[PDB]
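Understanding the architecture of this molecule
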Amino acid sequence: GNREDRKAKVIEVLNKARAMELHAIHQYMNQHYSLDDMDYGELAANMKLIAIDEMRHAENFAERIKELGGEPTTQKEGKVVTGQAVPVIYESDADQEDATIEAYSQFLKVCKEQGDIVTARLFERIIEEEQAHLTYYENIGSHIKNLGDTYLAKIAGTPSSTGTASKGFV
Amino acid sequence: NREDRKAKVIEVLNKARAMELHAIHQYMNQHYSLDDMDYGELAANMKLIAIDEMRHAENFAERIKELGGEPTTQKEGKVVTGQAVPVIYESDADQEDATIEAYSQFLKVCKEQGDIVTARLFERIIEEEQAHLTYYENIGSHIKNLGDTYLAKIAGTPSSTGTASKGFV
Amino acid sequence: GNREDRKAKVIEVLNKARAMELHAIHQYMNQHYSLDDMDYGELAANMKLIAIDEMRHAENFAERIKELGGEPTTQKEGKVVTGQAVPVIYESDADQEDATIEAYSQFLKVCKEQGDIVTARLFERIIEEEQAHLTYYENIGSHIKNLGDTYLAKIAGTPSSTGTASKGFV
Amino acid sequence: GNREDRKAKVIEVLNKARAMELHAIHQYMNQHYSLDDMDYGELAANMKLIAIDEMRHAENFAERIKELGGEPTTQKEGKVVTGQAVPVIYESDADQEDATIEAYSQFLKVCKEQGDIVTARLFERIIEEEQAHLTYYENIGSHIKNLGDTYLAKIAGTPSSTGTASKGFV
Amino acid sequence: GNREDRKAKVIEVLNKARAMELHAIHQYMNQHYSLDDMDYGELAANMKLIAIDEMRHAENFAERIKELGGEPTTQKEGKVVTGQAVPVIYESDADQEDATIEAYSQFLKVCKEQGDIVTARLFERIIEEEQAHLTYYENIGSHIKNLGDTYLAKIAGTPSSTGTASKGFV
Amino acid sequence: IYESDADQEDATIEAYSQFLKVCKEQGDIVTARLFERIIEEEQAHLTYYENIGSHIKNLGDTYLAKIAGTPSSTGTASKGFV
Ligand code: FEC
Ligand code: FEC
Ligand SMILES: [Fe+3]
Ligand SMILES: [Fe+3]
Ligand SMILES: [Fe+3]
Ligand SMILES: [Fe+3]
Ligand SMILES: [Fe+3]
Ligand SMILES: [Fe+3]
Ligand SMILES: [Fe+3]
Ligand SMILES: [Fe+3]
Ligand SMILES: [Fe+3]
Ligand SMILES: [Fe+3]
Ligand SMILES: [Fe+3]
């Protein structure tokens, strides 16, 4: 395609990815709110830290969309599922991460076909992070299935802190 | 009637929370524009205010959970994009004023429902919303009275909001 | 081809890239001398710092050329334009960086086609640095376009320091 | 026997021991990859730490063989068993350690018979370390046997770190 | 092909790579024992440090295989040549590293064809380390060729230490 | 549920053994035989609760999936007045 054609094709997959991150942020934070309510500290903390990774993916996608002359979407891709039980959280989060990695690896092929090396590299780095998320969700899911409440009894009452309060305006 | 009272508070908490989710997306959309323009200082403060709204959304969600509700995931109203710089501050100033009005109403319900803990949460957040309002009012005024003279001062300034966000990876 | 052919094809695009770097070094330093003479310190400093990134690029390209048995070129690609006014400096530097990314992306392709993974990673790294340079030049060109002498008035008489004198022999 | 007769008999028990070490390295690292995959951090870490002792043993046997003028073998003794369940891992590793102590004690007797005091002291030191491995594996197999999933729930999700990465070349 | 098919084809080239690392570890350590015996310390030190790099590669390949649900091989590919003279050591090691880089670049392509970005990145990073190994071996070969016993006289009696002993279990 | 009930039955058998002893000291053979009979039934409860508790602790979800949706009938309705 011409210069504009290529930019538009990449801005499209970037916005698709961004909508996926916007979904994960609301989905993972919903789950964090449940986990925190159950007082499963370590689990709630790590869920919020992964959601913050997704916020940063969302931001990186938007920044690159701006670099290419586009407008960052404000809509999340899909619907947020609430009230999930603990076994369901980790099962569905692992599935979701695996799907994202499949999706982003195709998005990557698009960028390479449209000759956009900078965007392809963004996708490669974020796919490596999604892999870290997948592995985490799978490990929790497997202990829960194999060890049940014995494992959860260990997590009950642990600290849920994610560190010092974040940089804000006030 | 404990359950009527929890239900009516949870309803305004979810209302305020959806106003926070909209604000987060609205202010970050403007942040990306300001950053693209290379008006660093303005871009940095717009993201810092977005992060304040994230913290409001979270506090509202946690209280909703304490009251046995489900925190909403949907934002109230539409995000406006491609806003020009004068419109960003004018519209952010208007939305912050509308939020203080809305939350003072929500505060009222909390007090009527005998929910002191939630009333205090709204009072605290309202005073932060006033800090944001004042900020947006001041920037809008400078832009209106000094125009490009004020912007040349913002051009090229750093946009960093601090050290990278705590994460999982 | 055999090993020699594939190496020779990569040496050819590395030396074309290197020739483009040698050009950018002389073109950006020429502009640096003007910016400095005009006493727009921050602009002059950053133009020289970008010039030094290009020096490092030229060096990295020649090191890879050496690894593959080739000889690093000493000729620059193209003519250095002198006497440019400030708006023209940033307009043409952004065009030149954009063109470089275009070119290096093709070169990247050659590397992949010849099975040279180490050389492909070098171009990938360097293209991301060029993207940073592109953004900088676009950003300046936009302030000059939108704010003109009101913006340059803020830059007038700023420090032009790029730091302590670079390591030398004497 | 004669001087070279004596060296050769020692070199032979040394090469038998070294082949047992090469096997141990691959057998315990295999178990480590499984324990790690299962996310039993503390079990995975100590398993890798023991394999690294076996690496040191292999190396010390090889340095002594060179001293005696022999050639250190490069072939492991026996087959590596894969897919073992957790109890079989600790059951089989303890038997392997007990067997190694037995063989090594016989190798030690050969060194004394061949009047090789330095090599015998090498065996003495290593048998003491193998005794430390044996006790370890017997202890874990005993907890798994007595406490089962309750013990494993405790290890689930523990850190698997064995320290800072290897000294290496790059 | 299907998801399971795609994992199977990547697991196969990962086990091919790992078997090559297992060979390199035994090959390089074998040469390390000769150089140490010869009291060429700097050479013995670096050869062992490169062998530790290959250990880390084998480990990284094993971990990815596990992530993909495969079983890490325990067998090395090819025969370890022993009794090499010093010049033969560096010629063959250089030749061995270039061949590794050729093979790994092929394995990389399979990863890409199977849509496995995380595994392609793993190979990309290890190919860069192998290139550092290749340059090293080529440089020592050049010095032995160009300077002979003069260069060896320099290395004679040098420290052979690779630092502090590796944390282990005992 | 099963952890606590096992402990409860174990406590009951210990207490009733002590009560049985008081009956023997008061020369009340009929009452002691009553405790004897009921202690043997408490032992069957204890054994029941300990076995379930073990399966839950050790086998988790596969065990409960077997119990999910099974019949909960305890037989024909109790004799009553109506
Ligand atoms: C809470 C909460 C919400 C609401 C979730 C919900 O559904 O309730 C929540 C929602 C969002 C949403 C959307 C976005 C995406 C904005 C967009 O791209 O349109 C979104 C975007 C960002 N968040 Fe966010 N948030 N958020 C935190 C809390 C919450 N956040 C905390 C805490 C930190 C702390 C970071 C730190 O300390 O390093 C934090 C950081 C960021 C960064 C900072 C990136 C960086 O500089 O590295 C970006 C961008
Ligand atoms: C000696 C010796 C042998 C025997 C070879 C022979 O043929 O004699 C030897 C053999 C092996 C073999 C196989 C493997 C591959 C195992 C497998 O994946 O099946 C194998 C695997 C590893 N070794 Fe190994 N060794 N080895 C050292 C010495 C020796 N090593 C020293 C020293 C360190 C010190 C590490 C450090 O402090 O960084 C060290 C560390 C490692 C690590 C950990 C690296 C890391 O975490 O970064 C892994 C994995
Ligand atoms: Fe993400
Ligand atoms: Fe993710
Ligand atoms: Fe707010
Ligand atoms: Fe606000
Ligand atoms: Fe360059
Ligand atoms: Fe450049
Ligand atoms: Fe040993
Ligand atoms: Fe041992
Ligand atoms: Fe390697
Ligand atoms: Fe290598
Ligand atoms: Fe009972």
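Definitions and cut-offs
Residues numbered from 1 in each chain as written, not as in the entry; some residues may be left out. Chains lettered and ligands numbered in written order. Part of a larger assembly, values for the part shown. Heavy atoms only, no water. Residues with missing side-chain atoms left out of burial classes, pairs and counts. Helix = DSSP H or I, 4+ residues; strand = E, 2+ residues; numbered from the N terminus. Contact = heavy atoms within 4.5 Å. Areas by Shrake-Rupley, 256 points an atom, 1.4 Å probe, with all protein chains shown as cover. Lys, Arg positive; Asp, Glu negative; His and termini not counted. Charge placed at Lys NZ, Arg CZ, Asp CG, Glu CD. Expected span 1.5 Å × (residues − 1). Near = heavy atom within 4 Å. Polar contact = N/O pair within 3.5 Å; in protein donor to acceptor, adjacent residues only side chain to side chain. Nonpolar A, V, L, I, M, F, W, Y, C, P; charged D, E, K, R; others polar. Buried area = accessible area lost by both parts, 1.4 Å probe. Salt bridge = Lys/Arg side-chain N within 4 Å of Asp/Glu carboxyl O. Least-squares fit on C-alpha atoms. Donors = N, O, S within 2.8 Å, 3.2 Å for Na, K, Ca; no water. Buried < 20%, exposed > 50% of the residue type's maximum accessible area, 1.4 Å probe, protein only. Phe/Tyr/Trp six-rings, centres within 6.5 Å; stacked < 30°, edge-to-face > 60°. Axes fitted to C-alpha atoms, helices over the stretch in contact; angles between N-to-C directions. Parallel < 35°, antiparallel > 145°, perpendicular 65-115°, else oblique. Left-handed = near helix turned anticlockwise from the far one by under 90°. Disulfide = S-S within 2.5 Å. Patch = residues over 30% accessible without salt bridge, like charges linked within 9 Å, V, L, I, M, F, W, Y side chains within 5 Å.

Method information in the entry identifies X-ray crystallography as the source of the structure, with 1.95 Å recorded as the resolution.

For chain A, the name recorded in the PDB entry is bacterioferritin, with Desulfovibrio desulfuricans as its organism. According to the PDB record, the title of this entry is "X-ray structure of Desulfovibrio desulfuricans bacterioferritin: the diiron centre in different catalytic states (as-isolated structure)".

As named in the PDB entry, chain B is bacterioferritin, taken from Desulfovibrio desulfuricans.

A tally of regular secondary structure across chain A gives 4 helices and 0 strands. Put simply, chain A runs from its N terminus to its C terminus through helices and strands in the order α-α-α-α. Referenced to the eigenvectors of the C-alpha coordinate spread, the extents of chain A come out at roughly 60 × 40 × 25 Å. For chain A, long-range pairs separated by at least 24 residues make up 83% of all intrachain contacts whose partners lie at least 6 apart in sequence. Of the roughly 6,700 Å² of accessible surface on chain A, 50% is carried by carbon and sulfur atoms. Once the 19 positive and 29 negative side-chain charges of chain A are each reduced to a mean point, those two points are 7 Å apart.

As a further point, take helix 2 (residues 41–67) of chain C. In this model helix 2 of chain C runs 39 Å from its N-terminal to its C-terminal C-alpha over 27 residues, within 8% of the 39 Å that 1.5 Å per residue would give. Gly69 of chain C, located one to two residues past helix 2 of chain C, shows a positive phi value of around 85°.

What follows deals with the site of ligand 2. If you check the shell around ligand 2, you find 23 residues, and the closest are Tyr33, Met55, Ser166 and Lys167 of chain D together with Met55 of chain E. Note that an oxygen atom of ligand 2 is positioned 2.6 Å from one of the side-chain N or O atoms of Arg18 of chain D. At a separation of 2.5 Å, an oxygen atom of ligand 2 approaches a polar backbone atom of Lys167 of chain D. Elements with a contribution of two residues or more to the shell around ligand 2: helix 1 (3–37) and helix 2 (41–67) of chain D together with helix 1 (3–37) and helix 2 (41–67) of chain E. Its residues assigned to classes, the shell around ligand 2 comprises 12 nonpolar, 4 polar and 7 charged.

Counting from both sides, the interface comprises 40 residues of chain B and, opposite them, 42 residues of chain A. Interface area, chain B with chain A, both sides summed: about 3,400 Å², of which 58% is carbon and sulfur. Three residues stand out in chain B for area buried against chain A, namely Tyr32, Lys166 and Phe168 of chain B, and they jointly supply 24% of the buried area on that side. Between the two partners, chain B and chain A, sit 2 salt bridges. Between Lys48 of chain A and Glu58 of chain B there is a salt bridge; the shortest N-O distance is 2.6 Å. Along the contact surface separating chain B from chain A lie 12 residue pairs in polar contact. Contributing elements (two or more residues each) for the side of chain B that touches chain A: helix 1 (2–37), helix 2 (40–66) and helix 4 (116–146) of chain B. The element that contributes the greatest number of residues to the side of chain B that touches chain A is helix 2 of chain B, accounting for 12 residues. When its residues are assigned to classes, the side of chain B that touches chain A shows 14 nonpolar, 13 polar and 13 charged.

According to the stated counting rule, one finds 58 salt bridges over all chains in the structure shown. Taken together, the shared-partner salt bridges connect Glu128 of chain A, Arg121 and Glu124 of chain C together with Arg121, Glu124 and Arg125 of chain E into one network.

Mapping chain C onto chain A calls for a rotation angle of 120° and an axial translation of 0.1 Å; the resulting RMSD is 0.2 Å. Seen this way, the second copy is the image of the first under a three-fold rotation axis. Of every C-alpha in chain C, the one belonging to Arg121 of chain C sits nearest the axis of rotation, 6.0 Å from it. Mapped onto chain A, only 18% of the interface residues of chain C are again interface residues, and the two copies thus contact each other with different surfaces.

This part covers the coordination of the iron ion (ligand 11). Residue and element names in this part refer to chain E. Distances from the iron ion (ligand 11) to its protein donors, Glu21 (OE), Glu21 (OE), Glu54 (OE), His57 (ND1) and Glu130 (OE), fall within 2.1 to 2.3 Å. Positions of the donor residues of the iron ion (ligand 11) along the chain correspond to the pattern E-x32-E-x2-H-x72-E. Between the iron ion (ligand 11) and the iron ion (ligand 12) the interatomic distance comes to 3.8 Å, and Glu54 is a ligand of both metals. Taken as a pair, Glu21 in helix 1 and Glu130 in helix 4 (residues 117–147) lie far apart in primary sequence, 109 residues in all. Residues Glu21 and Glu130 agree in their burial class; the two are buried.

Next up on the list: the packing of aromatic side chains. Residues and elements named next belong to chain B. For the coordinates displayed, the defined rule picks out 49 aromatic pairs over all chains. With a centroid separation of 5.1 Å and 35° between ring planes, the pair formed by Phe60 and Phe122 is classed as tilted. Placement of the pair is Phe60 in helix 2 and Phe122 in helix 4, with a sequence separation of 62 residues. No difference in accessibility class separates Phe60 from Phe122, as the two residues are buried.

Now for the coordination of the iron atom of ligand 1. The protein atoms donating to the iron atom of ligand 1 are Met55 of chain A (SD) and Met54 of chain B (SD), with metal-donor distances spanning 2.4 Å. Judged by relative accessible area, which is 28%, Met55 of chain A ranks as partly exposed. Residue class for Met54 of chain B comes out partly exposed when judged on its relative accessible area of 27%.

What follows concerns the interface of chain C and chain A. With 11 residues of chain C in contact, the opposing surface of chain A contributes 10 residues. In total, chain C and chain A occlude about 890 Å² of area from one another, counting both sides; carbon and sulfur atoms represent 44% of this. When residues of chain C are sorted by the area they lose upon contact with chain A, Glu102, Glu128 and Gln131 of chain C head the list and together hold 47% of the total. In this structure, the salt-bridge partner of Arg125 of chain A is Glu128 of chain C, at a minimum N-O distance of 3.0 Å. At the junction of chain C and chain A, the tally comes to 4 residue pairs in polar contact. Listed by contribution, the elements that provide at least two residues to the side of chain C that touches chain A are helix 3 (86–113) and helix 4 (117–147) of chain C. A per-class count over the side of chain C that touches chain A returns 2 nonpolar, 3 polar and 6 charged.

Another point: the site of ligand 1. Residues in contact with ligand 1 amount to 22 residues; listed here are only the nearest, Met55 and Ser166 of chain A together with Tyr32, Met54 and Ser165 of chain B. Bordering ligand 1 are residues originating from chains A and B. In this structure, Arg18 of chain A approaches ligand 1 through a side-chain N or O atom, which is 2.6 Å from an oxygen atom. Between ligand 1 and the protein, one listed contact pairs an oxygen atom with a side-chain N or O atom of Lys167 of chain A at 2.9 Å.

A few words now on unusual backbone geometry. Residues and elements named next belong to chain C. One non-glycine residue with positive phi stands out, namely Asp39, at about 65°. Locating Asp39 in the fold gives a position in the loop between helix 1 (3–37) and helix 2. By relative accessible area, which is 43% here, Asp39 ends up partly exposed.

We now examine the packing of helix 1 of chain D against helix 3 (residues 86–113) of chain D. All names here are of chain D. Axis separation between helix 1 and helix 3 bottoms out at 11 Å; the angle between their running directions is 170°. The pairing of helix 1 with helix 3 is recorded here as roughly antiparallel in orientation. Our pair here, helix 1 against helix 3, has a crossing hand that is left-handed.

Comparison of the 9 pairs of chains in contact shows the highest number of contacts for chains A and B. Structurally, chain C and chain D remain out of contact, their C-alpha atoms never closer than 15 Å. Taking C-alpha atoms only, the smallest gap left between chain B and chain F, which are not in contact, amounts to 25 Å.

The bond known as a disulfide is covalent and runs between the sulfur atoms of two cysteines. Per the counting criterion, the structure on display carries 0 disulfides over all chains. No disulfide involves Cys111 of chain C; its nearest neighbouring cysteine sulfur is the one of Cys111 of chain E, lying 19 Å away. Note on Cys111 of chain E: relative accessible area 0%, which makes it buried.

Residues and elements named next belong to chain C. Together, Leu49, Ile52 and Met55 make up a nonpolar patch on the protein surface, roughly 210 Å² of accessible area in all. Within the secondary structure layout, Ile52 lies in helix 2. We classify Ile52 as partly exposed; its relative accessible area is 31%.

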